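Per-chain numbering from 1; labels A, B, C, D and E assigned in written order.
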Amino acid sequence: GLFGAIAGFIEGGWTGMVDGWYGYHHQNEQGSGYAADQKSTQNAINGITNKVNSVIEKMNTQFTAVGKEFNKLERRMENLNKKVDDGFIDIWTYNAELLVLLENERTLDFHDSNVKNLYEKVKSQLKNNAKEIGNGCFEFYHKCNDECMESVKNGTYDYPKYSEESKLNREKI
Amino acid sequence: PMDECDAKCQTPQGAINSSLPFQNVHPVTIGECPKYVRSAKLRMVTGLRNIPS
Amino acid sequence: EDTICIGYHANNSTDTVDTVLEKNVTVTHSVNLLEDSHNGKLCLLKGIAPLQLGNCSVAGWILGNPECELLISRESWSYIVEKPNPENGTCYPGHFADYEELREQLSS
Amino acid sequence: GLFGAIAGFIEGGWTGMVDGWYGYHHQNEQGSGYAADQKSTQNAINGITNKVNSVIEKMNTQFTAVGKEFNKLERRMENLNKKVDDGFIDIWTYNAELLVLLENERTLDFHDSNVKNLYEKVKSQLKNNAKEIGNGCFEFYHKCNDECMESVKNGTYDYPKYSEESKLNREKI
Amino acid sequence: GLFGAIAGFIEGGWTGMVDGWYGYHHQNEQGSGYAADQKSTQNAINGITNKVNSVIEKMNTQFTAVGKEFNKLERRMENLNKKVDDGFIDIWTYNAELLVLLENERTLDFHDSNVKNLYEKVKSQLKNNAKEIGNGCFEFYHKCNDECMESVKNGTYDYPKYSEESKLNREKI
């Protein structure tokens, strides 16, 4: 909930579903159930693929030989090569550690962003036809079947379908 | 080849524009120079995405 | 009836980057940070000329090899120019110790 | 559309306008047209100026001489100086490559952010007086001339100007 | 106002309050006053604590001895050790400078984010019961005492408390 959801207006996650990292939970007379949003989920996971390829690949690992050794009349070169190597070691260490911290933060923000985007997509169809409730959910002043669910998933509603039923069932409130 | 032309940094493969920070071109340099990498390209965005329809 | 809309820019451009979440990603405007190009010349610093050996080695340069132009007028310069495989080493051979050190001292 | 617009609720860009990276498209009886938002656009581009100055300038390029050479009894120093230089080369390479990736991402997010901000600024004047439509646009329950356009650009509307016309032309809907 | 508030819909800050970086300003018949949001403020400041610990600590500073010296038959090693040290110096310099710039940007965005989140939390209780006004503030179609203030601070309102008073005092508008 950097951008307002996760520990934001939403409090916690759900273990009911495993097929995909995102989805919806549908609730109607036929029953309840969880169902995953493979479109945006797969796009995001492709982003993570390109990330981790774009972290691993950016090294070039030579056919390397690290070690050396010296006598005790080479102490210039000993304390040098120690300073040299410790310098390099620390720089890779520092940069990579910061990179793990930052990249994981930007990953959290990427996820938070995607769910926030989707939350507005859910909103954009059903603006006056159905209301914000509580947190995490919208209530319909009309009714919705599994076709209405799967339609609302893929970015389709037919706004004038239940515009009037919401226009009437609002008006007691 | 050798020439009367002028520069601010130099390498065997040619004389170099010292304007920009980096090359990937050849490590050896003399002067007020870029820095080398082993890479193909580096291009920052100024603008943003292009989609007509 | 009337309408207001947002707007932003696109163009005919097809220049691209790599990015964390997508590759070859097209944009309108870009800037290349890199100088991937060389003029294929030996220019000179600042108005200060470099030194040239042509065919000579540094041995043939410093010592006074007659086929190497001594060029005492060359009092200071921008940088040293050799080839990798200098033709005119020493006409009477001999070990030349600390070639490295002398070159490094004569870096500048 | 990290934050919801570009490939978000907006699908694509427009080639009609070239004077500035952002703007509006006005539509009324006198005609249509595109017009750029030089205020926020110029502020952002000043940000990019300070960026690129704050990338280029942060180097210090010495009056440098790179190369060395050695005999074959110096192989300690040869394999050293190779390891040394390759280490440095790779570190600049890695850090700079990550920096291009990250900075371009943050640039995309900077742009996306700015248009989202402006979208809420457009919303903030015309909240109940005119409606969200589709994507990218608002429809007026009243009418708007070029003065109304340029006023709405610079952050001015006079809310009670057409509050009543929207109060009536809403009510058929 | 990356995300829309600070130099966004809000113009500037306030010197009236010092106890905490965030808060509210309450206005009712008993009077006016400023009051700080120690919950989210303390959570954020804990985040800054973990940040700065996670910047400082990530170094390892050896029991170090920097300097060396050489004669004039060691110029390989002199120009080396100069190149070496200047390389390291510049790399720490570059990475750290970029890190200050980036981290301060992400700090600004962290703050901007938190206030935006809180702005939606204020909205979420009082949606139709009280209106957006101007910028920075909401006006009530009903009345609110200090208990109502402190309740609305900790995430509590009782929505049907003044739902009807807003339902009537709206309707002249």
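The definition used in the following text is that a contact is a pair of C-beta atoms (placed from the backbone, for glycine too) under 8 Å apart; a residue touches a chain by one contact, two chains touch by 3 or more.
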{"item": "Graph distance between chain B and chain D, where chains that touch are linked", "value": "1"}
{"item": "Central chain (distance from its CA mean to the mean of all protein CA atoms)", "value": "D"}
{"item": "Between the pairs C-D and A-E, the one where more C-beta pairs touch", "value": "C-D"}
{"item": "Distance from chain D to chain C - Cα centre to Cα centre, in angstrom", "value": "37"}
{"item": "Where chain D and chain E are represented by their mean Cα positions, the distance between them in whole Å", "value": "22"}
{"item": "Between chain E and chain A, distance of the C-alpha-averaged centres to the nearest whole Å", "value": "22"}
{"item": "Interchain centroid distance [CA atoms averaged], chain C/chain E, Å", "value": "48"}
{"item": "Chain E, residues touching no fewer than two other chains", "value": "3, 76, 79, 84, 91, 95"}
{"item": "Set of chain C residues in contact with two or more other chains", "value": "8-12, 17-18, 20-21, 28, 31, 33, 79, 100, 104, 107"}
{"item": "Which chain pairs touch, all of them", "value": "A-C, A-D, A-E, B-C, B-D, C-D, C-E, D-E"}
{"item": "Residue numbers on chain C that touch chain A, as the complex places them", "value": "18, 20-23"}
{"item": "In the complex, chain D residues that touch chain E", "value": "3, 54, 58-60, 62, 65, 68, 70, 77, 81, 84, 88, 91-92, 95, 99, 102, 106, 110, 113, 116-117, 120-121, 124, 127"}
{"item": "Residues of chain D defined as touching chain C within the complex", "value": "10, 12-18, 20-29, 34-36, 52, 55, 65, 68-71, 74, 100-102, 104-105, 108, 115, 118-119, 122, 130, 133, 136-140, 142-144, 149, 152"}
{"item": "Chain C to chain E touching residues, read off their complex", "value": "98, 100-101, 104-105, 107"}
{"item": "Sites on chain B touched by chain D in the complex", "value": "18, 20-22, 27-39, 42-53"}
